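What follows is calculated from the coordinates using simple rules that are stated; it is not laboratory data. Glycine also receives a Cβ, built like all others from the backbone with ideal geometry; neighbour counts cover every protein chain displayed.
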Amino acid sequence: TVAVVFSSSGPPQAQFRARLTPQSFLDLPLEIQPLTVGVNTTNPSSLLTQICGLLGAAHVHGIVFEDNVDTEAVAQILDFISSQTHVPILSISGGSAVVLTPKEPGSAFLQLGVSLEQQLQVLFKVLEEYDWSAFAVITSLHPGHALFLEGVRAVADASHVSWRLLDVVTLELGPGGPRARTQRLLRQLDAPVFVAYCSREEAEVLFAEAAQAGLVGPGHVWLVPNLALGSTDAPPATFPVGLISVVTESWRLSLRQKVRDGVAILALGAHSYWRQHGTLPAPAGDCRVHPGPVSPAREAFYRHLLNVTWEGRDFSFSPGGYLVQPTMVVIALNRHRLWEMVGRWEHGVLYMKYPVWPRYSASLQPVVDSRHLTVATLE
Amino acid sequence: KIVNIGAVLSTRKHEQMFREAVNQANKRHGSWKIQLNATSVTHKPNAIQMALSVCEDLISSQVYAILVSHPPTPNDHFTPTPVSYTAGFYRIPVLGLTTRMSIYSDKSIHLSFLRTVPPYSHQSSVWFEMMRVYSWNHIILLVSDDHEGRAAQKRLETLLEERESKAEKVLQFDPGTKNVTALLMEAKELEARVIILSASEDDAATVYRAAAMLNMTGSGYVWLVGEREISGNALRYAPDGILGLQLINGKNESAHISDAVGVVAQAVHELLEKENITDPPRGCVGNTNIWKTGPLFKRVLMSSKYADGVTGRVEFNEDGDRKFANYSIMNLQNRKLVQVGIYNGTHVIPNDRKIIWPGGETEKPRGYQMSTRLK
Ligand SMILES: *[C@@H]1O[C@H](CO)[C@@H](O[C@@H]2O[C@H](CO)[C@@H](O[C@@H]3O[C@H](CO)[C@@H](O)[C@H](O)[C@@H]3O)[C@H](O)[C@H]2NC(C)=O)[C@H](O)[C@H]1NC(C)=O
Ligand SMILES: *[C@@H]1O[C@H](CO)[C@@H](O[C@@H]2O[C@H](CO)[C@@H](O)[C@H](O)[C@H]2NC(C)=O)[C@H](O)[C@H]1NC(C)=O
Ligand SMILES: *[C@@H]1O[C@H](CO)[C@@H](O)[C@H](O)[C@H]1NC(C)=O
Ligand SMILES: *[C@@H]1O[C@H](CO)[C@@H](O)[C@H](O)[C@H]1NC(C)=O
Ligand SMILES: *[C@@H]1O[C@H](CO)[C@@H](O)[C@H](O)[C@H]1NC(C)=O
Ligand SMILES: *[C@@H]1O[C@H](CO)[C@@H](O)[C@H](O)[C@H]1NC(C)=O
Ligand SMILES: *[C@@H]1O[C@H](CO)[C@@H](O)[C@H](O)[C@H]1NC(C)=O
């Protein structure tokens with residue numbers, strides 16, 4: 001059996017009621033008949049209360065999560081629960097998408113996203129297909145930057161370019177801080193392209209200190225990883241036109257589609273167990289009552305659940321529980337303040353859509369540098 | 001105003017010690033400005049029950065800070081976790097006074113957590129300092145495979161490369177694993193004669209035995225260990241002379257409480273003489289928003305120097321851990337630990353004893369027998 005958790009919404013209950021009956025929704029070969037739960041006001045109080053009490057009313061075999069973005073602490077809790085009750089779990093949403101690096105030694109979180117390294121490994125391709133080859137790095141003092149900072153210096157070494165990096169900055173950008181000191185470190189800068197790493201609440205504080213120091217015009221271009229961007233769709237003010245950020249493939253989709261893509265994994269994993277090991281591995285998970293001394297059998301089901309292809313995609317996970325080699329895309333902020341897919345990254349070779357980055361201006365009316373021309377040949 | 005702080009402890013007598021200590025802290029610098037209070041709970045077996053009990057603790061008080069201890073240790077690891085997840089959700093700065101695992105230092109996972117005792121990773125500073133003093137320059141390292149082990153590797157490496165020495169042949173071995181003689185034999189043809197162990201009390205027992213067959217415990221070889229490496233079911237099997245080490249006064253569980261409330265109170269005053277300090281949220285249920293000034297309270301609490309520390313001078317580093325602690329070296333003679341020195345903050349100072357090296361010799365046996373035969 002499978003469970004589903006709604007942990008955030010503007011009232012979708014028409015989509016909730018939609019998922020109530022379809023015990024025959026899928027074509028996957030198993031008893032996919034799903035139960036359901038709901039959550040108002042996600043917090044460690046209710047979130048603990050619900051989701052093992054439910055583990056008493058059934059033996060389901062596993063859970064599937066979803067919530068809203070901008071809440072980060074809810075990432076660990078789910079890992080904590082799965083450490084006791086010994087029940088696999090799978091997160092497909094915004095909130096718990098950001099990847100936790102060290103997971104508890106015996107848990108089965110199975111997150112659905114990409115690391116930091118596997119995003120820098122895509123920026124540092126775009127960055128050289130236009131061979132800007134000279135940049136500066138800006139990071140706040142947000143938890144986990146020392147990890148990121150080791151990303152660039154390592155990747156910049158396992159490549160074949162000079163990668164002349166000018167400098168690095170570090171500056172407190174919360175609600176309270178001396179803007180002048182940051183104004184000092186900012187105004188004292190000169191570089192073509194900037195690679196910034198900050199939270200969203202941090203972002204609007206940064207990109208607002210941008211304009212007054214003159215760092216937003218067509219004479220520059222910015223790159224920020226998956227984290228800094230908004231929900232996905234409504235970008236705030238002060239985000240300059242021409243932003244670039246890499247995003248996993250399910251970037252634009254319907255929440256009802258993801259869940260069908262979610263349950264598919266547990267399904268394709270389960271049915272694949274009967275074929276090889278046989279007969280539906282023991283589905284069971286117990287709450288507070290005498291939980292989890294050791295797992296000799298469920299831990300053998302874990303491995304089956306790793307590799308799983310479906311509808312022409314690859315979802316193979318790594319022991320760290322983050323996708324290995326997903327087909328990522330790139331996105332940018334055009335002159336309508338939307339996001340438009342700029343270039344896919346499929347199977348190791350970065351495609352594109354613009355043979356030159358159209359560089360905007362203060363009031364649209366895209367500027368082309370005069371000295372650049374197009375040559376047409378043949379063989 | 002009534003400022004409320006809570007704590008989680010073990011015996012209910014230490015709870016009374018904590019109440020008496022917060023009282024003596026009131027009568028110390030208190031005034032008519034703001035008074036303090038206390039609230040206590042006790043552990044339970046199922047950690048989930050403990051998380052729910054911590055929401056009960058929290059709804060029962062607009063808590064400003066927490067304290068945690070683990071005197072009974074069926075799981076030295078999973079005892080102080082659930083309070084950290086349950087409180088970090090609201091940035092409620094939790095202090096931990098007795099726990100040494102190294103995972104609680106990675107701040108990306110536990111958003112807010114502090115200590116009053118340095119962890120097992122900071123141990124290798126005294127190893128490197130002893131290496132500098134006694135002039136040993138060719139060392140074999142020996143570490144387990146779990147995070148608590150892997151930390152020491154990076155620590156020693158970054159501490160050595162600052163002088164470009166590049167110690168040799170770091171050997172790994174999986175945990176809980178018996179029959180490690182398949183590994184030691186690879187460290188039998190090596191030039192370096194001084195090993196450095198770092199493992200768990202169940203593993204160290206094994207390799208002490210597994211050495212007894214290979215006969216490397218004999219004369220000429222010298223090696224040193226860490227705190228958990230002795231004082232367990234393993235110390236029965238140790239070979240004499242292993243220069244291990246220990247803490248000054250850790251495991252006391254009572255001296256610390258007198259230290260924490262001293263460094264907590266000296267902060268709450270240094271804070272409230274300032275702008276909006278509104279309140280922490282009263283109630284696990286019914287709220288989804290973080291205390292809007294949590295980070296400030298941790299921001300200030302980081303640098304709060306404290307003078308009259310029953311343990312000593314207490315201060316914090318950039319990650320959050322008591323810097324500048326005391327370690328007291330040991331040495332195993334005739335199946336009884338006898339101190340041979342004291343490690344004070346930055347340097348080592350021995351006195352009034354003659355060290356007994358394993359083989360029974362009485363002169364400092366340098367490593368590195370340059371092997372004449374050649375491959
Ligand atoms: C100052 O500290 C005291 C000590 O904790 C705080 O008071 C105590 O108040 C709570 C809140 O009602 C009492 O608790 C409840 O206790 C009952 C007892 O059975 C329990 O069944 C409930 O589940 C609930 O937890 C608690 O009993 C009481 N202490 C004692 C010893 O009776 C007080 O609120 C604090 N005030 C300020 C201004 O800091
Ligand atoms: C994908 O996962 C399956 C299942 O974990 C792997 O097949 C297993 O291989 C081991 C070792 O030979 C066997 O003990 C298991 O019984 C196998 N399970 C199944 C489902 O047959 C498989 O090797 C992995 N790799 C690929 C490419 O499929
Ligand atoms: C396991 O221990 C035995 C002791 O009887 C030893 O002979 C053998 O070499 C060990 N295994 C390996 C792989 O070394
Ligand atoms: C110890 O060394 C080897 C085992 O590594 C063994 O062959 C030898 O006989 C032993 N010698 C003594 C004196 O115990
Ligand atoms: C703990 O420390 C205190 C103060 O340093 C000391 O008085 C006491 O003897 C120590 N040991 C115990 C068991 O309390
Ligand atoms: C702890 O370190 C201090 C600092 O030098 C020292 O004075 C003291 O003797 C050491 N030992 C204690 C406090 O037991
Ligand atoms: C440690 O002891 C030495 C002994 O000379 C002294 O010079 C040094 O200042 C002391 N440092 C600490 C940690 O107090």
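Structure data summary
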{"read-out": "In nm, spacing of pseudo-spin labels at B:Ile2 and B:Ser231 (7 Å Cα→C-beta vector)", "value": "4.1"}
{"read-out": "Cα shape, segment A:67-200, gyration tensor, a/c 1.5 rule", "value": "oblate"}
{"read-out": "Segment B:145-214 - percent relative contact order, Cα under 8 Å, separation 6 or more", "value": "37"}
{"read-out": "Charge context of B:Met213, other residues only, Cβ under 14 angstrom, K/R +1, D/E -1", "value": "+3"}
{"read-out": "Trypsin sites (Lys or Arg not before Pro) within segment A:189-277, DSSP loop, no more than 13 other Cβ atoms inside 10 Å", "value": "A:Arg252"}
{"read-out": "Separation between Cα centres of segment B:204-220 and segment A:138-169, rounded to whole Å", "value": "45"}
{"read-out": "Separation in nanometres of the label points that stand 7 Å from Cα toward Cβ, at B:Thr372 and B:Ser31", "value": "8.1"}
{"read-out": "Where GluC sites (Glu not before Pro) fall in DSSP loop in segment B:184-239, at most 10 other Cβ within 10 Å", "value": "B:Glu189"}
{"read-out": "Top positive-direction residue, dipole computed over segment B:231-305 with Cβ charges, set B:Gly286, B:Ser303, B:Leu245", "value": "B:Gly286"}
{"read-out": "Under Karplus coefficients 6.51, -1.76 and 1.60, residue-wise ³J(HN,Hα) of segment A:211-224 in Hz, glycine/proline x", "value": "3, 5, 9, x, 10, 10, x, x, x, 8, 8, 10, 9, 9"}
{"read-out": "Shielding score for B:85-91, defined as the mean number of other chain Cβ atoms within 10 Å", "value": "5"}
{"read-out": "Tilt relative to chain A, helix A:255-276 - C-alpha long axis, 0 to 90 degrees, to 10", "value": "50"}
{"read-out": "Over chain B: helical MRE at 222 nm, DSSP H runs n ≥ 4 each giving -39500 (n - 2.57), nearest 500", "value": "-9000 deg cm²/dmol"}
{"read-out": "3J(HN,Hα) from dihedral phi, segment A:361-371, Karplus parametrisation 6.51/-1.76/1.60, rounded to Hz, x for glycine, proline", "value": "9, 4, 10, 6, 6, x, 7, 10, 5, 5, 7"}
{"read-out": "Amide H within-cut-off set for A:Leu333, under 5 Å, with H built and near neighbours excluded", "value": "A:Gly242, A:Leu243"}
{"read-out": "Euclidean distance between Cα centres, segment B:238-297 to segment A:217-282, Å", "value": "38"}
{"read-out": "Proxy reagent accessibility, fewest Cβ within 10 Å first, across A:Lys103, B:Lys375", "value": "B:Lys375, A:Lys103"}
{"read-out": "Those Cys residues of the protein assembly as shown for which no other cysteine Cβ falls under 4.7 Å", "value": "A:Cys198"}
{"read-out": "Pair A:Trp274, B:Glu162: separation of 7 Å Cα→Cβ label points (nm)", "value": "6.2"}
{"read-out": "Qualifying trypsin sites (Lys or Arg not before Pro) in segment B:1-107, DSSP loop, other Cβ atoms within 10 Å at most 16", "value": "B:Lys1, B:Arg12, B:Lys33, B:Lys107"}
{"read-out": "Whether the protein assembly as shown is rounded, prolate or oblate, judged on the alpha carbon gyration tensor where a/c under 1.5 counts as rounded", "value": "rounded"}
{"read-out": "On Cα atoms only, tilt of A:74-84 relative to the major axis of chain A in degrees", "value": "30"}
{"read-out": "Integer Hz, Karplus 6.51/-1.76/1.60 couplings in order for segment A:85-90, x for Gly and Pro", "value": "6, 6, 10, x, 8, 8"}
{"read-out": "Value of [θ]222 nm, deg cm²/dmol, for chain A, DSSP H segments ≥ 4, -39500 (n - 2.57) each, nearest 500", "value": "-8500 deg cm²/dmol"}
